[PDB]
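This report refers to the structure that appears directly beneath it.
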Amino acid sequence: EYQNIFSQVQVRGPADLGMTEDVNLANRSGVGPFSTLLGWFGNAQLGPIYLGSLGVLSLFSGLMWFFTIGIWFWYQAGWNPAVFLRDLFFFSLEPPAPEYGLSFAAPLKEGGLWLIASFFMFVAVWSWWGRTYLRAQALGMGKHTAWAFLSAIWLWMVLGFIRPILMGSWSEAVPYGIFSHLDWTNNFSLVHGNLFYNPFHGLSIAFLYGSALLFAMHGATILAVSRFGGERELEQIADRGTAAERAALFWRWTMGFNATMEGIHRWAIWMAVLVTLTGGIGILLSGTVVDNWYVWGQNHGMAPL
Amino acid sequence: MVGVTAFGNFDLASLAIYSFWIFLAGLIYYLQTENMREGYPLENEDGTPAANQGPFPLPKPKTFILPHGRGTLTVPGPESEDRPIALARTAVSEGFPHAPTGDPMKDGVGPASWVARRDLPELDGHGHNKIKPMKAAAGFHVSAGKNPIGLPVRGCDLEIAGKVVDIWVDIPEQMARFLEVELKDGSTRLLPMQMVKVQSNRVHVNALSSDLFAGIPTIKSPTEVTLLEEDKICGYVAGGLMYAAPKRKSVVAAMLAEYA
Amino acid sequence: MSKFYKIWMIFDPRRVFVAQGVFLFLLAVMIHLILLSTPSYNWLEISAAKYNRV
Amino acid sequence: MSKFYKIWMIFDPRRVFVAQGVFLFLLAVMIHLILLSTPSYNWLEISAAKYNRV
Amino acid sequence: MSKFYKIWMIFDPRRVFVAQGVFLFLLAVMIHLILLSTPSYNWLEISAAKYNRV
Amino acid sequence: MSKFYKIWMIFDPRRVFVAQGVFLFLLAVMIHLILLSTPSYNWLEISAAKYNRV
Amino acid sequence: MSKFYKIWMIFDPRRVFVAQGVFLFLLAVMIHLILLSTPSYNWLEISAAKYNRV
Amino acid sequence: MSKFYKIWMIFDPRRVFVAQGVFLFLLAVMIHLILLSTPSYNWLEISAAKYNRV
Amino acid sequence: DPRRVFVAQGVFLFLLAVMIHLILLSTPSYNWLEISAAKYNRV
Amino acid sequence: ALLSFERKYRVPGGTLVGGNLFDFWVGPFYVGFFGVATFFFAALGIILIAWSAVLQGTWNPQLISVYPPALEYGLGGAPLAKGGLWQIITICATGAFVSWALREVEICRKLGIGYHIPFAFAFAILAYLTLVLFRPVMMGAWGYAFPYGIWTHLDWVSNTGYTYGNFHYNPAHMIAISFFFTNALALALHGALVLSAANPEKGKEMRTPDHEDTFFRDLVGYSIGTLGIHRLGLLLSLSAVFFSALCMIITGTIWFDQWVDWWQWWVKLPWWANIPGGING
Amino acid sequence: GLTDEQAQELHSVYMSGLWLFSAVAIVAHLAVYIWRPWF
Amino acid sequence: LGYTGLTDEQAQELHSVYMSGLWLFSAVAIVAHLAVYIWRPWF
Amino acid sequence: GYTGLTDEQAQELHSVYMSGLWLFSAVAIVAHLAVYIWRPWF
Amino acid sequence: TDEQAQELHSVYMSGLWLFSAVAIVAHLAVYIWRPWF
Ligand SMILES: CCCCCCCCCCCCCCCCCC(=O)OC[C@H](COP(=O)([O-])OCC(O)COP(=O)([O-])OC[C@@H](COC(=O)CCCCCCCCCCCCCCCCC)OC(=O)CCCCCCCCCCCCCCCCC)OC(=O)CCCCCCCCCCCCCCCCC
Ligand code: BCL
Ligand SMILES: COC(C)(C)C/C=C/C(C)=C/C=C/C(C)=C/C=C/C(C)=C/C=C/C=C(C)/C=C/C=C(\C)CC/C=C(\C)CCC=C(C)C
Ligand SMILES: COC(C)(C)C/C=C/C(C)=C/C=C/C(C)=C/C=C/C(C)=C/C=C\C=C(C)\C=C\C=C(/C)CC/C=C(\C)CCC=C(C)C
Ligand SMILES: [Fe+2]
């Protein structure tokens with residue numbers, strides 16, 4: 001039977017330029033091509049994309065961050081394209097050594113370039129957050145996306161900015177590079193005893209598994225009641241149809257309680273936000289307040305001895 | 001601040017974890033209370049309010065201001081069925097199935113149920129109807145995949161019920177919603193896209209058998225469909241899954257029936 | 001050089017001025033950080049060593 | 001200082017009062033815990049030393 | 001300095017006042033924590049030292 | 001320098017003033033932190049050494 | 001070389017000029033960094049050796 | 001070789017020209033970096049050794 | 001269609017040519033830069 | 001004990017096994033044959049966990065741990081005090097999970113909705129069985145499964161990871177992690193978007209899906225639609241679980257050394273294996 | 001949308017504020033330089 | 001002309017003011033570079 | 001006319017653009033001459 | 001159309017030959033400076 005995973009027929013017509021209120025259509029670019037490959041799964045139309053002041057600022061800063069790391073990777077390769085391809089994943093833009101602490105007196109080849117790239121990334125991410133808030137405000141919507149992004153930004157800042165300040169060294173931050181930051185996380189674990197015994201690390205993992213569980217449940221429910229037009233969730237909130245009722249009754253008869261067509265989204269946004277929220281708190285505590293999480297667990301009834 | 005304890009082993013980490021437990025309990029309370037906006041208060045199996053209403057109280061009322069002057073909605077509030085239900089309780093005690101009295105597919109009970117929604121067409125952001133037949137939709141055409149128009153429609157009993165005359169499309173999303181099927185009698189019904197398996201030769205509908213294709217509800221205007229008609233048609237077709245099982249000509253279902 | 005004004009018949013001044021401001025601030029920060037990186041021209045450390053601060 | 005009443009033409013008293021209560025309790029708990037952390041002003045340990053409870 | 005009142009023809013007082021309150025509390029907390037970090041001006045540890053508590 | 005007022009025929013004052021406030025606060029914080037990083041001009045540590053607080 | 005103007009009948013000047021500006025700045029930064037990498041032409045270190053800034 | 005113009009009845013000039021520009025710049029950068037990698041043809045080091053810069 | 005096949009053909013031809021040139025450069029022989037430097041006494 | 005609309009949906013039929021023997025509700029729950037089975041298995045497993053706590057001697061919930069049989073028992077049985085309780089609890093847990101999925105199937109049939117939800121649950125069941133049944137059987141002992149303790153199966157995770165050095169250098173693991181992170185990002189974005197559309201700025205009308213698509217085309221230049229985003233969420237979650245199961249099925253079974261050595265194959269490719277410079281060489 | 005007179009008045013007030021801010025900054029820099037010069 | 005709507009006179013006036021600002025900025029930059037070069041030359 | 005410019009507009013735009021290009025190239029050439037005199041790379 | 005394609009390709013090949021002429025003179029100068037054969 002048809003399981004609604006992929007569309008079995010595509011139709012296309014005039015491109016939808018979008019709504020127009022309190023929005024400067026000059027900044028909105030032109031509508032891009034129609035992609036049939038994506039049309040199989042979701043909407044085939046690409047664009048138009050709003051390019052405002054903050055959009056330009058974010059694009060410039062992100063381009064400079066990416067290009068700075070790229071140039072350092074080239075220098076680290078001897079400017080050899082073959083080596084650049086052979087060691088693309090193994091390159092690193094390490095932070096300044098612990099000798100300099102938090103000082104900006106690191107040489108450009110051993111710490112200065114990292115500070116420049118970090119400044120570019122900081123500007124890019126904050127400008128993008130401002131862009132998200134302003135885009136929501138232009139259409140008159142709520143700012144929920146801004147606050148979820150704010151949670152993600154909080155974890156990012158704690159990892160890169162606030163925790164090095166509290167520890168007193170730039171060497172505590174994360175090096176730019178694939179295997180470099182994987183090794184950074186592994187060493188962060190090994191230094192502070194098992195990060196597993198960090199209670200807030202456990203809560204963060206709980207909410208990540210919960211995010212996966214809840215999105216699987218919600219996607220399966222909506223695909224199962226899409227034969228009643230349940231995917232039009234805003235309409236269901238406005239005028240409760242039989243799709244919402246069937247979904248609610250399935251979950252009520254399964255586990256004794258249910259959500260509504262709107263509140264399940266409150267559950268979703270909170271189960272996603274708490275991941276980064278609790279992760280930021282746990283990382284902030286590590287090193288600053290606890291130096292050995294296994295011994296802390298032993299003293300707090302978590303570990304056997 | 002590393003290693004300093006206010007009392008016992010309690011320190012900054014323990015303070016954080018306990019404050020988080022308090023916050024988590026509060027948040028679960030708030031989320032469940034928000035989830036209690038539709039379907040409450042609880043009813044008995046006859047219609048009177050129940051003795052047990054839940055540990056979580058009902059929330060404060062909130063109002064949604066619907067677009068295009070459709071009005072306002074207040075939830076939670078006084079909610080009523082606004083239709084008659086054709087069911088009879090099988091047993092006196094609570095918690096037992098209610099058997100249908102007449103034809104479940106026409107009475108609109110069970111999996112073939114429907115909700116008395118608004119009898120108005122669905123409107124997009126601009127004020128036009130969100131779903132339009134493709135021939136009346138300017139510029140729309142099949143882009144990829146097997147075109148269903150002109151293919152015979154086959155029922156679950158392997159008998160041809162009609163031919164596809166048109167496709168209804170969602171104008172903003174640019175995705176097909178309904179097929180329009182013309183029967184032997186010349187009248188045209190609708191079938192949701194999610195219920196048809198567009199094959200090489202034919203459009204296959206495993207929900208309904210051919211004889212039941214005439215029983216699908218119809219629409220008032222040929223150039224639009226309202227939410228209520230959508231609900232009736234979708235409920236009918238979906239309830240065909242359970243209430244057309246005997247007529248369904250399935251090999252494995254036949255083997256299971258012979259087994260039982 | 002006289003006809004350069006016609007560039008404003010090509011570009012909206014708002015976008016151009018925003019981009020110019022962002023670019024100028026970014027470039028100034030980049031150059032200042034580059035100077036701060038080198039042991040020389042690191043004016044902070046040069047003056048620290050000149051007045052015998054450490 | 002006389003016209004401060006006009007703040008209530010800006011803020012709904014319900015939200016302001018709820019926020020004020022939460023903030024005051026949070027601040028009081030924070031300060032009490034800070035005092036309990038230090039070996040001095042840890043009134044529990046100061047007094048146990050005073051009357052030789054150990 | 002006289003015409004500064006015209007800023008209120010630009011900004012809604014509600015948003016500005018909320019932002020101002022949040023910013024002021026945040027700044028005060030930041031400065032107090034910075035003072036608490038240094039061994040000097042850590043008034044808790046200074047006073048413990050001065051009155052011969054430990 | 002006289003005709004600079006015409007910039008306000010290009011930019012809405014609300015957006016420009018918000019951006020200016022954010023930028024100025026950000027720059028001030030950046031410079032203060034840079035000064036705090038260096039062992040000299042770290043006024044906290046300089047004054048700790050000056051009066052022999054350690 | 002005379003008919004090259006017809007390229008503007010192919011490309012919108014706005015997109016071409018934006019791409020050109022980005023490309024030129026990127027190339028200039030790349031070349032300056034390449035020069036700074038080598039021990040020679042690292043004008044900072046060449047001058048620091050010339051005037052004995054070490 | 002005469003009928004090659006018919007390629008423009010196959011490809012839109014805009015996409016082809018954008019791809020051509022990107023490809024040419026990429027190839028030029030690749031070849032220059034390859035030359036810079038080898039100890040010979042590393043014109044920077046060939047000159048530095050010739051004029052005794054190290 | 002000419003469009004997709006031509007784009008794919010161009011990309012694949014360029015990548016294959018780069019692959020073969022890098023294979024030639026990698027080997028101690030056929031590295032024309034290195035053998036040229038050795039031949040004319042460059043290092 | 002009924003919702004305001006629940007009455008019209010409580011009808012007979014739609015049950016795979018048992019006719020109308022267990023076709024009744026207990027409170028809000030729907031019992032069914034598989035509901036009876038699920039309740040039995042769950043109750044037995046929980047009581048056996050409590051009894052294993054009695055045998056262990058500790059009443060602290062976080063210290064309770066039900067270890068599997070040691071490696072010297074192979075794939076055979078073990079005494080109840082030293083391995084048997086784990087196996088009984090594992091059989092109970094597997095039965096409870098499978099019965100829960102089948103009960104969900106019955107409820108889907110009675111409501112006339114599609115079977116996506118028990119199918120999605122089957123992926124989590126298969127990942128659990130990989131960790132508890134397939135991998136230990138493949139590897140040769142029940143002592144490679146994890147203990148049933150709150151903080152002691154983290155010890156299993158840590159030891160199993162560090163047997164192979166940094167476990168981050170596992171490709172079927174990198175893909176699964178990226179899928180989990182993308183899933184969390186998508187969930188946050190989707191929840192926030194629907195909430196902002198349904199709860200717009202104070203005093204304004206409810207926004208429409210057109211506004212959602214406009215917002216996400218303004219932000220990043222592509223909107224996947226509503227059906228698209230729900231499809232994508234289901235696919236991302238299922239793919240994350242699938243690749244995690246793969247990563248743990250090939251670990252210790254066809255790969256035995258440190259996992260960075262696997263990544264050494266790309267470095268050793270013939271046309272850059274010998275070039276000097278760079279990190280590797 | 002602003003007219004010439006509005007722009008001139010706004011610029012006058014804004015420049016007055018800018019010069020006040022700059023004066024305070026200058027006296028602060030003088031005080032710091034006297035306390036601890038950086039040249 | 002039609003891309004943003006400015007006429008020739010408006011463009012000329014805007015360019016005159018913009019170039020005046022550019023030259024002021026450049027003059028300040030030049031005096032700053034002279035001061036730095038006197039303090040610590042980089043050539 | 002994929003962008004809508006006429007021949008005269010294209011010619012004027014190209015003239016101004018080439019003037020700017022030659023100014024930029026002249027500045028680059030004098031910079032390279034100064035660098036080569038200061039520190040030749042050949 | 002055919003005429004438009006002819007004119008576009010004429011201009012394109014003229015530009016291509018200009019680019020290749022500059023490339024050839026560059027290669028000749030380099031080969032004089034430091035050969036690779
Ligand atoms: C004394 C004992 C106390 C014990 C407590 C016991 C009980 C505890 C549980 C309390 C209740 C549970 C939480 C309620 C959830 C729903 C409430 C709600 O969001 O609005 C309801 C309701 C509006 O909700 P709505 O109906 O969905 O929107 C309709 C609006 O018309 C249109 O929508 P909108 O545009 O107005 O936006 C609605 C809302 C939508 O938001 C969401 O639904 C998702 C929220 C996700 C997380 C938010 C960001 C996470 C921050 C990460 C950490 C900080 C990073 C900052 C720095 C980063 C870089 C360093 O967005 C907001 O503005 C809410 C504030 C979120 C931003 C807060 C940023 C600073 C946080 C600093 C932490 C300290 C606490 C300060 C609290 C600030 C309160 C103003 O409230 C209102 O009507 C007024 C608006 C403001 C109310 C604020 C209520 C608190 C919300 C956040 C609480 C948690 C903050 C995160 C820190 C957590 C610490 C552990
Ligand atoms: C040996 C290694 C250690 C370990 C070390 C760590 C460390 C160290 C940390 C984690 C963290 C996390 N770990 Mg752990 N972890 C281990 C074992 C596990 C196991 C397991 C089964 O064993 C699991 C499931 C997890 C799971 C988790 C997550 C719950 C959590 C990260 C949340 C997140 O989304 O972060 C990633 C999300 C972000 C970084 C947000 C980024 C937001 C910004 C704005 C993005 C900007 C993008 C940038 C501009 C580029 C854009 C480019 C283009 C525009 C696209 N860990 C072991 C014990 N783990 C983190 C945490 O919070 O711990 C408490 C953390 O810091
Ligand atoms: C490592 O070294 C580093 C990188 C740190 C050094 C880097 C240095 C460089 C990169 C930083 C650059 C700094 C410069 C560029 C910043 C200069 C900013 C100037 C412009 C300050 C301006 C201040 C303006 C003041 C605050 C004006 C305030 C406005 C008043 C309140 C009055 C406004 C009233 C309005 C106009 C009402 C009028 C309404 C109408 C009706 C009349
Ligand atoms: C061929 O193509 C080229 C080479 C041209 C371009 C391609 C380039 C490729 C190779 C670039 C590769 C980039 C790498 C792979 C990206 C990796 C990023 C890693 C994975 C990010 C991991 C962690 C990020 C951490 C958390 C960063 C946190 C940021 C901080 C919060 C910001 C802190 C800012 C402070 C430090 C600024 C201090 C300095 C100022 C002056 C005060
Ligand atoms: Fe949804």
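Every chain in the structure tokens takes a letter, A first, then B, and so on in the order presented; its residues are numbered from 1, and the ligands are numbered from 1 following the presented order.
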
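Chains of identical sequence, chain E and chain G give a C-alpha root-mean-square deviation of 0.4 Å after superposition over all matched alpha carbons.
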
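Residues in contact with residue 9 (chain M) at 12 Å, where only C-alpha atoms are counted and same-chain residues fewer than 4 positions away are skipped, are listed as residues 6, 9 and 10 of chain C; 5, 6, 7, 8, 9 and 13 of chain G; 1 and 2 of chain L; 1, 3, 4, 5, 13, 14, 15 and 16 of chain M.
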
* **Expected answer as a PyMOL selection string: residues within 7 Å of ligand 2, only C-alpha atoms and all ligand atoms** => (chain A and resi 121+124-125+149+152-153+155-156+159+185-186+188-189+194-196+200-201+204-205+208+275-276+278-280+282-283) or (chain J and resi 157-158+166+181)

Write a file of the selected residues as a compact mmCIF listing (two decimals), in the first residue's frame, keeping N, CA, C and O atoms.
# COMPACT_ATOMS: atom_id res chain seq x y z
N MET A 121 33.78 34.01 13.38
CA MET A 121 32.68 33.09 13.67
C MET A 121 31.69 33.71 14.66
O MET A 121 30.47 33.55 14.51
N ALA A 124 29.58 36.19 12.80
CA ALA A 124 28.67 35.53 11.87
C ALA A 124 27.47 34.93 12.60
O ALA A 124 26.32 35.13 12.19
N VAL A 125 27.72 34.21 13.69
CA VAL A 125 26.63 33.55 14.39
C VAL A 125 25.69 34.56 15.03
O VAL A 125 24.46 34.43 14.96
N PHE A 149 17.15 28.96 18.73
CA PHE A 149 18.50 29.28 18.27
C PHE A 149 19.33 29.86 19.40
O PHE A 149 20.54 29.63 19.47
N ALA A 152 20.83 27.05 21.36
CA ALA A 152 21.99 26.49 20.67
C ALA A 152 23.20 27.41 20.79
O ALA A 152 24.33 26.95 21.04
N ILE A 153 22.98 28.71 20.65
CA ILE A 153 24.05 29.70 20.78
C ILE A 153 24.63 29.69 22.19
O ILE A 153 25.82 29.91 22.38
N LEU A 155 24.93 27.07 24.22
CA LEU A 155 25.90 25.98 24.30
C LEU A 155 27.17 26.32 23.54
O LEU A 155 28.28 26.06 24.02
N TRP A 156 27.03 26.91 22.35
CA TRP A 156 28.19 27.23 21.53
C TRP A 156 29.11 28.22 22.24
O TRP A 156 30.33 28.04 22.27
N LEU A 159 31.00 26.60 25.13
CA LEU A 159 32.11 25.80 24.63
C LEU A 159 33.29 26.67 24.23
O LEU A 159 34.43 26.38 24.59
N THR A 185 37.01 16.70 22.17
CA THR A 185 35.96 16.18 23.05
C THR A 185 36.46 14.97 23.83
O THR A 185 36.18 14.84 25.03
N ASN A 186 37.20 14.08 23.17
CA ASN A 186 37.70 12.91 23.89
C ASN A 186 38.64 13.30 25.02
O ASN A 186 38.56 12.75 26.13
N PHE A 188 38.67 16.25 26.56
CA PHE A 188 37.85 16.91 27.57
C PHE A 188 37.22 15.88 28.49
O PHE A 188 37.14 16.09 29.71
N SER A 189 36.76 14.77 27.94
CA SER A 189 36.27 13.69 28.78
C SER A 189 37.37 13.15 29.68
O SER A 189 37.23 13.11 30.90
N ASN A 194 35.29 10.50 33.80
CA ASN A 194 34.20 10.21 32.89
C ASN A 194 33.20 11.36 32.85
O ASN A 194 32.64 11.74 33.88
N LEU A 195 33.00 11.92 31.66
CA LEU A 195 31.90 12.86 31.50
C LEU A 195 30.56 12.16 31.65
O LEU A 195 29.55 12.84 31.83
N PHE A 196 30.53 10.83 31.57
CA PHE A 196 29.28 10.10 31.76
C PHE A 196 28.67 10.40 33.12
O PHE A 196 27.45 10.52 33.24
N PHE A 200 24.42 16.59 34.39
CA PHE A 200 23.85 17.39 33.32
C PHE A 200 24.21 16.87 31.95
O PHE A 200 23.45 17.05 31.00
N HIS A 201 25.35 16.20 31.83
CA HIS A 201 25.62 15.45 30.61
C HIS A 201 24.59 14.35 30.41
O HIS A 201 24.10 14.14 29.29
N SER A 204 21.42 15.96 29.23
CA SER A 204 21.53 16.34 27.83
C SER A 204 21.35 15.14 26.91
O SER A 204 20.65 15.23 25.90
N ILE A 205 21.96 14.01 27.25
CA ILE A 205 21.77 12.81 26.45
C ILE A 205 20.32 12.35 26.52
O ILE A 205 19.76 11.86 25.53
N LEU A 208 18.44 14.46 24.12
CA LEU A 208 18.74 14.16 22.72
C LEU A 208 18.04 12.89 22.26
O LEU A 208 17.41 12.85 21.19
N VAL A 275 18.23 20.05 25.39
CA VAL A 275 19.50 19.42 25.04
C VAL A 275 20.65 20.40 25.25
O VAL A 275 21.52 20.20 26.10
N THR A 276 20.64 21.48 24.49
CA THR A 276 21.71 22.46 24.58
C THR A 276 21.68 23.20 25.91
O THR A 276 22.75 23.54 26.43
N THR A 278 20.88 22.09 29.05
CA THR A 278 21.54 21.30 30.07
C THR A 278 22.98 20.99 29.69
O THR A 278 23.85 20.90 30.57
N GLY A 279 23.27 20.83 28.40
CA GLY A 279 24.65 20.62 27.99
C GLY A 279 25.53 21.80 28.32
O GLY A 279 26.66 21.63 28.79
N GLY A 280 25.04 23.01 28.06
CA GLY A 280 25.80 24.19 28.41
C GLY A 280 26.05 24.28 29.90
O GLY A 280 27.18 24.56 30.33
N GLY A 282 26.19 21.80 32.07
CA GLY A 282 27.12 20.76 32.48
C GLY A 282 28.56 21.05 32.08
O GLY A 282 29.49 20.86 32.86
N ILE A 283 28.75 21.53 30.85
CA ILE A 283 30.09 21.89 30.40
C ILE A 283 30.63 23.04 31.24
O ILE A 283 31.81 23.05 31.62
N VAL J 157 29.18 1.21 28.29
CA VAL J 157 29.40 2.06 27.12
C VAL J 157 30.84 2.53 27.08
O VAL J 157 31.51 2.46 26.04
N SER J 158 31.36 3.00 28.22
CA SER J 158 32.71 3.54 28.26
C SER J 158 33.75 2.46 27.98
O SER J 158 34.69 2.68 27.20
N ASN J 166 39.77 5.82 20.64
CA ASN J 166 38.73 6.83 20.46
C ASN J 166 37.68 6.27 19.52
O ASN J 166 37.95 6.02 18.35
N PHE J 181 22.14 14.82 15.44
CA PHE J 181 22.23 16.27 15.58
C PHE J 181 21.29 16.97 14.61
O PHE J 181 20.61 17.94 14.98

* Asked: Using only C-alpha atoms and all ligand atoms, what are the residues with an atom within 7 Å of ligand 1, set out as a PyMOL selection string?
  -> (chain A and resi 142-144+147-148+150-151+153-154+157-158+266+269-270+273+277) or (chain B and resi 20+22-24+26-27+30) or (chain D and resi 21-22+25-26) or (chain J and resi 195-196+199-202)

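Residue-level contact on chain E: within 9 Å of chain F, counting only C-alpha atoms, the set is residues 10, 11, 35, 38, 39, 40 and 41 of chain E.
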
If you keep N, CA and C atoms, can you produce a file of those selected residues as a tab-separated table (two decimals), in the first residue's frame?
chain	number	residue	atom	x	y	z
E	10	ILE	N	11.24	57.49	18.86
E	10	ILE	CA	11.85	56.43	18.06
E	10	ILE	C	11.58	55.06	18.65
E	11	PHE	N	11.65	54.93	19.97
E	11	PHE	CA	11.57	53.65	20.66
E	11	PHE	C	10.35	53.59	21.56
E	35	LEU	N	34.80	40.93	40.69
E	35	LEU	CA	35.44	41.29	41.95
E	35	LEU	C	35.62	40.07	42.84
E	38	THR	N	38.94	37.79	41.95
E	38	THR	CA	40.29	38.16	42.33
E	38	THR	C	40.52	37.91	43.82
E	39	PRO	N	41.70	37.43	44.21
E	39	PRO	CA	41.97	37.23	45.65
E	39	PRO	C	41.82	38.50	46.46
E	40	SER	N	42.24	39.64	45.91
E	40	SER	CA	41.89	40.92	46.50
E	40	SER	C	40.51	41.34	46.00
E	41	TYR	N	39.83	42.14	46.81
E	41	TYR	CA	38.46	42.60	46.56
E	41	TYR	C	37.46	41.46	46.67

* Using only C-alpha atoms and all ligand atoms, find each residue with an atom at most 8 Å away from ligand 4 and format the answer as a PyMOL selection string. => (chain A and resi 66-71+73-74+88-89+92+104+114-122+156-162+170+173-178+180-181) or (chain C and resi 29+33) or (chain F and resi 30+33-34)

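Proximal residues of ligand 3 are residues 25, 28, 29, 32, 33 and 36 of chain C; 3, 4, 6 and 7 of chain E; 24, 27, 30 and 31 of chain F; 6, 9, 10, 11, 13, 14, 15, 17, 18 and 21 of chain K, by a cut-off of 7 Å on only C-alpha atoms and all ligand atoms.
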
May I have the residues within 7 Å of ligand 5, computed using only C-alpha atoms and all ligand atoms, as a PDB file with C-alpha atoms, in the first residue's frame?
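What landed in out29.pdb:
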ATOM      1  CA  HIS A 218       5.262  12.800  15.679  1.00  0.00           C
ATOM      2  CA  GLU A 233      -1.718  21.309  11.250  1.00  0.00           C
ATOM      3  CA  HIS A 265       4.802  21.337  19.262  1.00  0.00           C
TER       4      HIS A 265
ATOM      5  CA  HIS J 190       9.725  22.697  13.316  1.00  0.00           C
ATOM      6  CA  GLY J 191       8.254  23.088  16.778  1.00  0.00           C
ATOM      7  CA  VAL J 194       4.491  25.968  14.043  1.00  0.00           C
ATOM      8  CA  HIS J 230       7.287  15.375   8.813  1.00  0.00           C
TER       9      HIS J 230
END

* Tell me, which residues of chain L carry DSSP alpha helix (DSSP H), written as a PyMOL selection string? -> chain L and resi 8-39

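Of note, CA of residue 206 (chain J) and CA of residue 123 (chain B) are spaced 12.9 Å apart.
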
With a cut-off of 6 Å, could you pull out the residues of chain J touching chain A and give me the nearest pair of atoms for each, distance in Å to one decimal, using only C-alpha atoms, ordered by chain and ascending number, as a tab-separated table?
residue	atom	partner	partner_atom	distance
J:28	CA	A:256	CA	5.4
J:29	CA	A:253	CA	4.6
J:30	CA	A:253	CA	5.1
J:62	CA	A:302	CA	5.9
J:113	CA	A:224	CA	5.3
J:114	CA	A:224	CA	4.1
J:116	CA	A:220	CA	4.9
J:117	CA	A:220	CA	5.0
J:184	CA	A:211	CA	5.7
J:188	CA	A:269	CA	5.0
J:191	CA	A:265	CA	4.6
J:192	CA	A:144	CA	4.8
J:196	CA	A:142	CA	4.2
J:197	CA	A:141	CA	5.9
J:200	CA	A:141	CA	4.3
J:201	CA	A:142	CA	5.3
J:214	CA	A:18	CA	5.0
J:217	CA	A:49	CA	5.4
J:218	CA	A:50	CA	4.5
J:221	CA	A:49	CA	4.2
J:222	CA	A:46	CA	5.2
J:224	CA	A:42	CA	5.0
J:225	CA	A:43	CA	5.9
J:227	CA	A:231	CA	5.9
J:228	CA	A:42	CA	4.3
J:230	CA	A:219	CA	4.7
J:233	CA	A:215	CA	5.8
J:234	CA	A:216	CA	4.9
J:237	CA	A:212	CA	5.5
J:267	CA	A:86	CA	5.7
J:278	CA	A:77	CA	4.5
